[PDB]
Amino acid sequence: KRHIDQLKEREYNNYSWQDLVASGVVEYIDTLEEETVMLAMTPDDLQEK
Amino acid sequence: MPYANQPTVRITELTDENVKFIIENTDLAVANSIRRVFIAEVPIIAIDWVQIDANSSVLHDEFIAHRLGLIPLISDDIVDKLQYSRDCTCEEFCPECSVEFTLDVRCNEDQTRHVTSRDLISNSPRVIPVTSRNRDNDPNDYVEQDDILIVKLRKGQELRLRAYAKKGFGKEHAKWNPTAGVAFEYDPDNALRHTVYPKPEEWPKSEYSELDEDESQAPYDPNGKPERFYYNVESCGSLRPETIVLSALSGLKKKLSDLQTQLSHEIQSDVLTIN
Amino acid sequence: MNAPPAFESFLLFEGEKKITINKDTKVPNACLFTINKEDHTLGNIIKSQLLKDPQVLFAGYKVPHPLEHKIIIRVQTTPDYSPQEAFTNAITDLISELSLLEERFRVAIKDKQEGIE
Amino acid sequence: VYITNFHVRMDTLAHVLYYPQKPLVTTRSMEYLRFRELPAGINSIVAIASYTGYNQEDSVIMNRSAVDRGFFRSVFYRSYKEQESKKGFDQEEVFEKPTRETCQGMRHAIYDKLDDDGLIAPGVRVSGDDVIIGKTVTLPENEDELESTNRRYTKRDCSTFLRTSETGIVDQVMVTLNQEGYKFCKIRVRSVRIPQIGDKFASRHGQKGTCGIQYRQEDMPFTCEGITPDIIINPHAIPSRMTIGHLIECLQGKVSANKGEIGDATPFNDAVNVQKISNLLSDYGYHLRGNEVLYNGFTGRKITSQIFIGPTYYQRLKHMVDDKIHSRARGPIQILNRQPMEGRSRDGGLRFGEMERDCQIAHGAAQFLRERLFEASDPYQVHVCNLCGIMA
Amino acid sequence: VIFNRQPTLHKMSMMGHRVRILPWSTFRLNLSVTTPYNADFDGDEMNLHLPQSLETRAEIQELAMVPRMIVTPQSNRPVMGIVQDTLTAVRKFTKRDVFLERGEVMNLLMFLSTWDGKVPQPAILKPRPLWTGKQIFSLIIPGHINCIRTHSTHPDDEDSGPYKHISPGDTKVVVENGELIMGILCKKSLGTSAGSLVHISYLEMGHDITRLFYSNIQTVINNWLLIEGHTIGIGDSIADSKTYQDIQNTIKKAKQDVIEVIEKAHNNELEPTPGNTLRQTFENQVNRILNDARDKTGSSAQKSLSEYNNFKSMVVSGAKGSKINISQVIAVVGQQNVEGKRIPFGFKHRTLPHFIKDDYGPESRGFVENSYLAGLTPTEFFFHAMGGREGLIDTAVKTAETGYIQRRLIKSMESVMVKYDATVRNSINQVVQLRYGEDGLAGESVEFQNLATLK
Amino acid sequence: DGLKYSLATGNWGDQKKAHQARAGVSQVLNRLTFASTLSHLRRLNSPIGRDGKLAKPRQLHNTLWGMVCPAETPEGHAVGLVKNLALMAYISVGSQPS
Amino acid sequence: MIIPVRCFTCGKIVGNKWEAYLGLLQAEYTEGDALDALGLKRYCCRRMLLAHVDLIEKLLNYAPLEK
Amino acid sequence: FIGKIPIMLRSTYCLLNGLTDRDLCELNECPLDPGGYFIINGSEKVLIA
Amino acid sequence: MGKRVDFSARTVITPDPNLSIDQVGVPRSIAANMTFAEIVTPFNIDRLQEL
Amino acid sequence: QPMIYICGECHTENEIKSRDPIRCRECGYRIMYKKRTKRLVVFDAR
Amino acid sequence: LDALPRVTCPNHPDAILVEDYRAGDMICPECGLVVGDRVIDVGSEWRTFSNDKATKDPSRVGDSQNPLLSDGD
Ligand SMILES: [Mg+2]
Ligand SMILES: [Mg+2]
Ligand SMILES: [Zn+2]
Ligand SMILES: [Zn+2]
Ligand SMILES: [Zn+2]
Ligand SMILES: [Zn+2]
Ligand SMILES: [Zn+2]
């Protein structure tokens with residue numbers, strides 16, 4: 001939630017997608033790596049699980 | 001003929017815009033044909049020739065010509081004495097078959113200027129102005145009330161043109177519609193089964209369907225025939241609602257009586273002996 | 001620009017008659033009327049006034065094509081009354097109901113309504 | 001509308017709508033496309049009804065009074081460009097007023113529309129009979145000694161005139177010099193295309209179709225306010241094509257236009273979209289699955305089946321009929337083989353290849369077969385020697 | 001004029017028409033000629049060529065004129081019949097619950113061409129005159145052709161219902177002396193069928209009278225349809241709660257049954273099927289279960305449809321679409337496949353990274369649990385987009401290959417032809433057959449017949 | 001002029017000889033709506049034989065998930081060969097491994 | 001490019017109600033109420049205004065309103 | 001000077017990247033136009049991946 | 001063997017429920033452009049004289 | 001007779017009416033844009 | 001036939017012979033004859049390379065060479 005609060009604040013406060021990546025909450029994944037990950041469709045499924 | 005019924009009228013409600021009424025004891029074909037006249041056959045005045053002197057605006061010329069034709073025009077006092085263009089002896093135009101409008105605007109101001117219906121002036125006497133802002137004391141008057149923003153202009157643009165409005169009727173172009181809309185409804189409880197409802201409980205009841213107030217929904221009667229048609233004619237504003245109805249019926253009378261004269265013309269010229 | 005001028009939908013041409021009558025070759029006391037430049041508005045109503053009459057054996061109309069302004073009205077009457085007179089009466093009666101409707105509407109407006117003008 | 005500043009752009013060919021609207025039912029992905037900023041179609045009131053059959057099989061009955069009130073009207077611009085080439089040793093092209101006394105050309109089209117500099121000015125109406133630019137090509141300088149002068153001797157014509165957009169108005173004319181340093185012009189022509197029988201339209205679900213006829217407001221079928229449909233699409237377009245999404249969109253749209261807030265349509269959620277929409281539409285006051293009691297325009301009687309009506313964003317496409325028509329009686333002949341032209345753009349004639357030949361064979365209409373493949377494209381008479389078959 | 005289009009795949013692609021000049025710029029042509037030219041008015045343009053003498057005009061009028069092109073010599077059946085809305089509108093009109101009052105009957109009589117001139121007596125005299133739909137259809141039938149059956153409609157109880165009292169059941173269509181006695185007309189009665197009303201008409205009345213029959217059926221049935229109406233909305237796409245429960249329960253049972261077969265397979269004791277590896281035995285078995293699952297709920301949804309489902313009315317006339325579509329919109333879409341097998345393992349042993357390695361379950365390998373109406377879940381959508389390609393690609397290939405196979409074939413046989421002593425010979429005058437087709441009959445004049453003596 | 005030339009015609013390299021497969025690589029940017037352009041810039045092309053090939057580089061491999069558009073490919077002769085990049089997908093510019 | 005005079009589906013004039021609408025939204029976040037006060041009952045007249053995009057405003061901003 | 005390299009529109013080396021939305025509108029350029037295509041001899045040309 | 005022909009025309013097709021099975025509506029402009037050679041006989045001469 | 005030729009941005013006539021090269025006095029631009037005709041046309045509001 | 005620098009009008013010497021490109025015909029205004037074997041500068045006509053790959057032009061049976069700089073190709 002704090003990251004989302006920064007994105008809403010981004011409307012005037014300095015912030016970027018790059019900051020969001022530097023937090024290490026999001027990553028880039030290519031098709032070769034994508035073969036070995038265990039990727040889940042929605043937070044819903046990953047929690048309800 | 002003895003089998004012609006006297007129908008009957010009742011006006012439920014009247015406003016500056018709407019006219020809402022019931023016709024009873026008549027035929028559907030009459031109701032439907034009369035609804036069609038309200039659209040197509042009732043004549044009115046709208047811009048028909050646009051001559052563009054100068055146009056520096058960000059809208060192309062034919063676009064200005066389009067918006068401009070479509071704007072509404074009062075006609076009630078004058079739509080009758082005016083004659084049709086093609087019928088008129090004059091070459092091109094004249095005071096007797098058309099009325100002239102002039103528009104001249106330029107943006108000399110730093111703030112964006114709007115071009116509106118009031119800025120359009122009738123060279124013809126103010127018997128036939130644009131719809132909005134004249135004799136006013138109108139509670140419909142809100143903010144700008146320009147009736148139509150013909151275009152917007154930034155500092156430097158200018159617009160000069162001439163227009164000739166003419167009498168014509170809706171069959172020929174939609175700019176000549178004398179109606180905002182035309183409601184038409186008959187047999188609200190679906191007694192006559194002209195439609196067949198699958199699971200009739202799933203349908204709502206109109207303001208005319210209140211009769212049994214109950215939820216019994218549609219009692220059948222096969223010995224019936226369509227009667228008592230409900231109307232709500234709504235004015236575009238360019239011609240007041242009752243005048244639309246009275247002019248429609250007269251025009252229909254004129255069209256019918258004329259067909260009778262040609263049918264008479266068949267018995268007078270080329271004597272009706274063919275059949 | 002292969003589109004027709006819009007006035008032609010309703011304006012009569014100088015080389016065409018408003019109405020034409022032709023006899024049927026099959027059955028007696030039938031007749032065929034051709035009405036030029038006139039659509040369902042006139043046609044549908046004249047069909048109904050003819051159906052209202054008790055001596056008409058058959059009445060109908062057809063607009064042959066959407067793109068061609070013209071309708072035909074075929075009528076068949078009993079072996080005593082002529083189809084032309086039935087057509088004459090059908091309009092005249094229709095003129096009478098509409099005049100009475102216009103009269104009744106106008107008087108109905110004459111009710112103490114205060115937005116008549 | 002394809003970019004904002006189009007007006008100062010001499011794009012060689014363009015189409016813009018008068019009134020674009022953003023769609024009532026939109027995907028969230030569309031915010032990031034800016035498809036709100038520059039949309040491509042109009043929210044039509046559609047009825048999926050059978051009616052008079054002018055909408056059978058991939059056509060539509062479209063409302064004529066709506067096209068009068070400017071429905072889907074568009075403007076068309078073609079920019080023609082012409083160059084004044086110096087072209088080497090002893091020739092020259094010149095922008096000027098061509099006269100039949102002074103140049104080798106004399107093509108039948110009228111030169112009078114031109115200005116005295118050879119190039120028209122904005123606002124004058126043009127057509128396929130008009131010349132837009134008077135270019136001439138001085139060529140022989142005088143390389144035909146002794147009085148082969150007479151007239152029109154100095155220069156050939158090759159000025160450019162309208163084939164295609166065989167009517168319209170000149171939008172803009174621009175004179176400049178390009179990268180060679182030659183005098184260069186672009187002149188732009190504006191035309192306005194009213195949606196007519198033969199224009200191809202498509203809704204958003206991959207159902208394209210041609211406008212089969214148009215009826216005026218009087219004739220459409222109607223209901224309540226008499227909100228007559230701007231289109232009637234055939235019911236048969238749905239079942240074998242199962243474009244159910246198309247059917248939900250009217251329904252989502254009906255709630256969105258009425259409630260007054262642009263509707264969601266993003267593909268994957270738990271918004272129970274069929275039920276939840278049906279319940280909302282009914283609370284407002286309609287049959288919960290959208291059907292309305294319609295009446296026919298011809299006789300006013302009710303139509304016994306209730307008809308599914310409501311809005312759908314539709315597209316008018318770049319395929320419009322007046323550009324696509326074509327025909328030829330006798331025309332230009334290419335002296336490679338001297339049979340009719342293939343460049344339709346230059347009054348071509350359609351092909352009659354081996355398979356069409358094969359059917360005439362299969363009918364057994366030999367006389368018509370020799371006619372299409374001979375007398376009506378390419379007849380010739382040659383004399384041959386009876387001793388030996390050489391045409392020498 | 002001779003009208004054509006490309007690709008011209010057979011002799012009926014180019015036929016003679018008479019022109020009639022109209023406003024606006026498209027060739028406007030009869031709706032019924034849509035299936036011989038394989039045309040759609042979704043932007044397909046067609047081509048016209050004009051004859052330039054009386055001699056070619058004579059030759060066209062007699063050989064290649066359209067009305068003569070009705071029954072194709074390829075398979076002695078109609079090349080063209082009553083299609084789309086009219087075909088749906090005919091079914092709906094012929095149901096014997098349809099009644100017409102004096103006013104509408106006269107208008108339909110009015111749209112008919114070759115009408116006798118005499119107005120038929122209404123099948124119901126009192127309390128008020130009414131004509132049944134069959135009755136007005138019966139004016140449209142030319143002269144007096146005859147055919148039983150020629151329906152094979154869904155109706156009744158195939159194989160044993162007609163043998164159960166002949167309680168007329170009204171389904172089966174019977175026409176006698178040019179009057180429709182009973183039954184409902186559909187694509188099997190009116191379509192390109194071997195025994196359709198249209199085929200018999202060509203034979204009995206002659207091609208000109210048959211053309212008037214096509215025009216008549218369409219202007220008149222069509223005109224009715226206008227007052228009656230037709231449509232399809234979300235109301236023709238939903239079923240009740242109970243059916244919806246039954247569908248989910250049928251699927252929940254079948255999925256548990258697949259997990260059950262997977263449990264048996266991992267135990268190593270399944271016992272394979274003949275001529276197959278054990279995976280094939282397994283794959284053949286799960287495929288049988290999922291197909292049976294689709295068909296069970298498919299048969300449940302067709303039952304659950306009400307009488308008034310317009311969607312069922314289009315399917316039954318045979319106008320457009322079919323039973324499987326109802327299955328997919330109302331019920332459950334089912335196993336997708338590509339190259340005749342379930343969705344391949346693209347990644348290491350998996351279809352998508354959203355699943356576990358080696359997961360033979362239905363959903364994980366390409367079964368769509370949903371209907372088009374509820375919407376597809378994200379994986380199902382992509383496995384559905386995969387099922388979408390195989391058909392688009394197949395289309396682009398088949399067009400190239402068949403164009404080539406046809407040209408080569410015509411190019412061989414072109415010079416063969418029946419000579420005036422009726423032996424069939426090619427160009428160098430060699431004999432192909434002593435009699436054409438071994439009997440010397442025409443292909444457009446033959447019919448299917450039963451041989452009594454094989455009793 | 002060399003860069004000017006190759007980029008304009010759409011050819012590629014030596015012109016005298018090299019132009020057999022890598023032909024059609026530059027194109028005039030289609031501008032019919034706003035979408036055609038965004039879609040055009042975000043297009044990608046697989047090279048292929050031409051005029052009759054039938055195989056597996058035309059169907060929708062599973063690994064395109066999240067990468068290339070499910071459904072969005074020319075309805076014509078080159079079905080499945082010229083593809084369009086999904087909405088979020090991205091491309092590496094690459095750098096020294098050192 | 002500016003709201004059309006008269007709604008396509010029926011005819012009720014609608015350009016006049018545009019300037020009024022931007023004022024109401026500035027005052028209240030009630031799109032329902034805004035459309036209601038303007039009198040746009042039936043939804044064809046409503047889609048007209050609700051779905052319009054006023055491109056003209058960005059378009060006017062170029063200086064060269066001179067060519 | 002060795003030659004002329006075609007710039008691609010609105011990239012870091014094409015002057016449009018630095019200007020703001022009002023400035024870009026002042027240069028008669030669309031603010032929403034995406035760039036990333038070369039301009040050659042009057043024609044806008046895009047390279048296909 | 002695959003020649004370009006004269007007297008040829010091409011437009012879009014749209015449906016028309018009123019035509020007979022073998023009629024075709026032809027745009028008026030295409031009908032004006034393409035011609036047929038009638039030969040004058042002492043019967044149609046008055047009709048052709050009008051044309 | 002003059003051939004006007006308004007120029008870009010300067011918003012003034014280019015005064016060129018002869019064979020001399022096109023270039024607007026004072027203003028540094030060299031694109032022209034031939035001015036509207038005084039000749040009347042007409043437009044129907046249909 | 002060497003006296004045809006565009007003259008062959010049977011009844012009267014020529015004054016003008018207009019080219020009606022669209023009909024493929026040569027017309028003589030003050031009467032009405034048609035004299036034509038029509039060509040519209042063979043240079044537009046061979047130009048039937050179009051929808052097929054035109055970037056490479058397989059139809060180019062005629063290179064430009066640019067002779068007006070030189071003389072001898
Ligand atoms: Mg097709
Ligand atoms: Mg089809
Ligand atoms: Zn006058
Ligand atoms: Zn010899
Ligand atoms: Zn409205
Ligand atoms: Zn300047
Ligand atoms: Zn002469």
# chains A, B, ... in the order shown; residues from 1 in each chain; ligands from 1
>>> residues_around(residues="residue 2 in chain G", least_positions_apart="6", cutoff="10 Å", atoms="only C-alpha atoms", output="PyMOL selection string")
(chain B and resi 59+148-152) or (chain D and resi 18-20) or (chain G and resi 15+18+52-57)
>>> write_last_selection(atoms="N, CA, C and O atoms", output="PDB file, in the first residue's frame")
ATOM      1  N   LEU B  59     -12.476  25.392 -39.006  1.00  0.00           N
ATOM      2  CA  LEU B  59     -13.489  24.477 -39.483  1.00  0.00           C
ATOM      3  C   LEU B  59     -13.541  24.673 -40.984  1.00  0.00           C
ATOM      4  O   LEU B  59     -13.475  25.812 -41.445  1.00  0.00           O
ATOM      5  N   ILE B 148     -26.625  27.619 -30.462  1.00  0.00           N
ATOM      6  CA  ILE B 148     -25.665  26.793 -31.146  1.00  0.00           C
ATOM      7  C   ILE B 148     -24.357  27.535 -31.301  1.00  0.00           C
ATOM      8  O   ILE B 148     -24.314  28.704 -31.697  1.00  0.00           O
ATOM      9  N   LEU B 149     -23.289  26.849 -30.949  1.00  0.00           N
ATOM     10  CA  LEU B 149     -21.974  27.351 -31.220  1.00  0.00           C
ATOM     11  C   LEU B 149     -21.548  27.030 -32.650  1.00  0.00           C
ATOM     12  O   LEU B 149     -20.974  25.982 -32.887  1.00  0.00           O
ATOM     13  N   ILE B 150     -21.827  27.917 -33.599  1.00  0.00           N
ATOM     14  CA  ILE B 150     -21.486  27.655 -34.997  1.00  0.00           C
ATOM     15  C   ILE B 150     -19.997  27.359 -35.174  1.00  0.00           C
ATOM     16  O   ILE B 150     -19.651  26.568 -36.024  1.00  0.00           O
ATOM     17  N   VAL B 151     -19.124  28.003 -34.398  1.00  0.00           N
ATOM     18  CA  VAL B 151     -17.693  27.689 -34.406  1.00  0.00           C
ATOM     19  C   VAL B 151     -16.970  28.461 -33.261  1.00  0.00           C
ATOM     20  O   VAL B 151     -17.579  29.315 -32.610  1.00  0.00           O
ATOM     21  N   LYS B 152     -15.685  28.205 -33.018  1.00  0.00           N
ATOM     22  CA  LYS B 152     -14.925  29.019 -32.050  1.00  0.00           C
ATOM     23  C   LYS B 152     -13.796  29.702 -32.773  1.00  0.00           C
ATOM     24  O   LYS B 152     -13.235  29.135 -33.686  1.00  0.00           O
TER      25      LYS B 152
ATOM     26  N   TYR D  18     -16.688  14.069 -39.365  1.00  0.00           N
ATOM     27  CA  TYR D  18     -17.207  15.312 -38.816  1.00  0.00           C
ATOM     28  C   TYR D  18     -17.326  15.150 -37.316  1.00  0.00           C
ATOM     29  O   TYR D  18     -16.590  15.803 -36.568  1.00  0.00           O
ATOM     30  N   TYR D  19     -18.210  14.248 -36.874  1.00  0.00           N
ATOM     31  CA  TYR D  19     -18.458  14.094 -35.435  1.00  0.00           C
ATOM     32  C   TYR D  19     -17.956  12.732 -34.917  1.00  0.00           C
ATOM     33  O   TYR D  19     -18.628  11.710 -35.074  1.00  0.00           O
ATOM     34  N   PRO D  20     -16.729  12.692 -34.366  1.00  0.00           N
ATOM     35  CA  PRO D  20     -16.386  11.433 -33.702  1.00  0.00           C
ATOM     36  C   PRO D  20     -16.902  11.413 -32.259  1.00  0.00           C
ATOM     37  O   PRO D  20     -17.104  12.457 -31.654  1.00  0.00           O
TER      38      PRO D  20
ATOM     39  N   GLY G  15     -26.419  21.197 -29.421  1.00  0.00           N
ATOM     40  CA  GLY G  15     -25.233  22.030 -29.225  1.00  0.00           C
ATOM     41  C   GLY G  15     -25.323  23.074 -28.114  1.00  0.00           C
ATOM     42  O   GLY G  15     -24.432  23.178 -27.272  1.00  0.00           O
ATOM     43  N   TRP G  18     -24.057  22.244 -24.377  1.00  0.00           N
ATOM     44  CA  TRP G  18     -22.667  21.906 -24.065  1.00  0.00           C
ATOM     45  C   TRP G  18     -21.927  22.799 -23.027  1.00  0.00           C
ATOM     46  O   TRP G  18     -21.417  22.316 -22.002  1.00  0.00           O
ATOM     47  N   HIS G  52     -19.609  12.814 -26.356  1.00  0.00           N
ATOM     48  CA  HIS G  52     -18.864  13.711 -27.221  1.00  0.00           C
ATOM     49  C   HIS G  52     -17.432  13.914 -26.752  1.00  0.00           C
ATOM     50  O   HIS G  52     -17.148  13.858 -25.557  1.00  0.00           O
ATOM     51  N   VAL G  53     -16.533  14.163 -27.709  1.00  0.00           N
ATOM     52  CA  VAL G  53     -15.200  14.682 -27.386  1.00  0.00           C
ATOM     53  C   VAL G  53     -14.900  15.963 -28.162  1.00  0.00           C
ATOM     54  O   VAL G  53     -14.816  15.984 -29.399  1.00  0.00           O
ATOM     55  N   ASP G  54     -14.767  17.048 -27.403  1.00  0.00           N
ATOM     56  CA  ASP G  54     -14.526  18.375 -27.961  1.00  0.00           C
ATOM     57  C   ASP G  54     -13.081  18.572 -28.386  1.00  0.00           C
ATOM     58  O   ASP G  54     -12.273  19.158 -27.655  1.00  0.00           O
ATOM     59  N   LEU G  55     -12.772  18.086 -29.580  1.00  0.00           N
ATOM     60  CA  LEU G  55     -11.437  18.199 -30.131  1.00  0.00           C
ATOM     61  C   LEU G  55     -11.058  19.622 -30.460  1.00  0.00           C
ATOM     62  O   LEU G  55      -9.892  19.991 -30.360  1.00  0.00           O
ATOM     63  N   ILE G  56     -12.059  20.422 -30.813  1.00  0.00           N
ATOM     64  CA  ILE G  56     -11.868  21.813 -31.199  1.00  0.00           C
ATOM     65  C   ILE G  56     -10.909  22.569 -30.247  1.00  0.00           C
ATOM     66  O   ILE G  56     -10.026  23.294 -30.702  1.00  0.00           O
ATOM     67  N   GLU G  57     -11.028  22.338 -28.941  1.00  0.00           N
ATOM     68  CA  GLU G  57     -10.218  23.046 -27.948  1.00  0.00           C
ATOM     69  C   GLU G  57      -8.736  22.837 -28.118  1.00  0.00           C
ATOM     70  O   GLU G  57      -7.964  23.777 -27.974  1.00  0.00           O
TER      71      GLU G  57
END
>>> closest_residue(among="D:198, D:105, D:239, D:260", to="chain G", atoms="only C-alpha atoms")
D:260
>>> residues_near_ligand(ligand="ligand 4", cutoff="10 Å", atoms="only C-alpha atoms and all ligand atoms", output="VMD selection string")
chain D and resid 384 to 392
>>> residues_near_ligand(ligand="ligand 6", cutoff="7 Å", atoms="only C-alpha atoms and all ligand atoms", output="list in words")
residues 7, 8, 9, 10, 11, 12, 14, 24, 25, 26, 27, 28 and 29 of chain J
>>> interface_residues(of="chain F", to="chain D", cutoff="8 Å", atoms="only C-alpha atoms", output="number ranges by chain")
F: 31-35
>>> closest_atom_pairs(of="chain C", to="chain I", cutoff="9 Å", atoms="only C-alpha atoms", output="CSV")
residue,atom,partner,partner_atom,distance
C:1,CA,I:29,CA,8.4
C:2,CA,I:29,CA,6.1
C:64,CA,I:18,CA,7.7
C:65,CA,I:18,CA,6.6
C:66,CA,I:18,CA,8.9
>>> write_last_selection(atoms="N, CA, C and O atoms", output="CSV table (one decimal), in the first residue's frame")
chain,number,residue,atom,x,y,z
C,1,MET,N,-21.2,11.3,-59.3
C,1,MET,CA,-22.3,11.7,-58.5
C,1,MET,C,-23.6,11.0,-59.0
C,1,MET,O,-24.4,11.7,-59.7
C,2,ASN,N,-23.7,9.8,-58.7
C,2,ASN,CA,-24.8,9.0,-59.2
C,2,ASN,C,-26.0,9.0,-58.3
C,2,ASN,O,-27.0,8.2,-58.5
C,64,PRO,N,-44.2,-0.9,-55.6
C,64,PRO,CA,-43.4,-1.9,-56.3
C,64,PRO,C,-41.9,-1.9,-56.0
C,64,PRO,O,-41.4,-3.0,-55.8
C,65,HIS,N,-41.3,-0.7,-55.7
C,65,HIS,CA,-39.9,-0.6,-55.3
C,65,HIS,C,-39.7,0.6,-54.5
C,65,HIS,O,-40.2,1.7,-54.8
C,66,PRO,N,-38.9,0.5,-53.4
C,66,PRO,CA,-38.4,1.6,-52.6
C,66,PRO,C,-37.7,2.7,-53.4
C,66,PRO,O,-38.0,3.9,-53.2
>>> residues_near_ligand(ligand="ligand 5", cutoff="9 Å", atoms="only C-alpha atoms and all ligand atoms", output="ChimeraX atom specification")
/B:180-181 /D:225,227 /G:6-14,40-48
>>> residues_around(residues="residue 60 in chain F", least_positions_apart="3", cutoff="12 Å", atoms="only C-alpha atoms", output="VMD selection string")
(chain E and resid 338 343 to 344 346 382 to 393) or (chain F and resid 55 to 57 63 to 65 67 to 73 79 to 83)
>>> interface_residues(of="chain E", to="chain D", cutoff="8 Å", atoms="only C-alpha atoms", output="ChimeraX atom specification")
/E:7-11,14,24-26,31,40-43,51,55-56,59-60,63-64,84-85,222-223,225-235,311,314,320-322,325,329,372-374,377-378,407,410
>>> residues_near_ligand(ligand="ligand 1", cutoff="7 Å", atoms="only C-alpha atoms and all ligand atoms", output="JSON, numbers by chain")
{"E": [38, 39, 40, 44]}
>>> select_by_dssp(residues="range 58-206 of chain D", states="strand (DSSP E or B)", output="VMD selection string")
chain D and resid 59 to 63 74 to 83 92 to 95 104 107 110 119 125 to 127 130 to 133 135 to 138 155 to 157 160 to 161 167 to 177 183 to 193 197 199 to 203
>>> select_by_dssp(residues="range 31-253 of chain E", states="helix (DSSP H, G or I)", output="PyMOL selection string")
chain E and resi 31-34+54-62+66-68+85-94+102-111+133-140+187-190+197-205+207-228+234-236+241-253
>>> decode(residues="range 5-31 of chain J", atoms="C-alpha atoms", output="compact mmCIF listing (two decimals), in the first residue's frame")
# COMPACT_ATOMS: atom_id res chain seq x y z
CA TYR J 5 0.36 34.56 -52.20
CA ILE J 6 0.09 34.92 -48.40
CA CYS J 7 3.12 33.56 -46.61
CA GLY J 8 3.47 31.34 -43.58
CA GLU J 9 3.51 32.94 -40.10
CA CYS J 10 4.16 36.52 -41.22
CA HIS J 11 0.47 36.73 -42.15
CA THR J 12 1.07 39.32 -44.91
CA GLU J 13 0.81 39.25 -48.71
CA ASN J 14 3.89 38.06 -50.56
CA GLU J 15 3.42 40.69 -53.25
CA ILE J 16 4.83 38.40 -55.87
CA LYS J 17 3.02 38.59 -59.22
CA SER J 18 5.77 37.74 -61.72
CA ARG J 19 8.50 35.25 -62.68
CA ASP J 20 10.92 36.30 -59.91
CA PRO J 21 11.78 33.66 -57.29
CA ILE J 22 9.36 32.95 -54.41
CA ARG J 23 10.43 34.33 -51.06
CA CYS J 24 8.41 36.54 -48.76
CA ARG J 25 9.96 40.00 -48.07
CA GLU J 26 10.87 40.69 -44.42
CA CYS J 27 9.86 37.13 -43.39
CA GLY J 28 12.56 34.46 -43.66
CA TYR J 29 10.24 31.64 -44.82
CA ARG J 30 10.10 30.40 -48.38
CA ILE J 31 6.87 28.48 -48.40
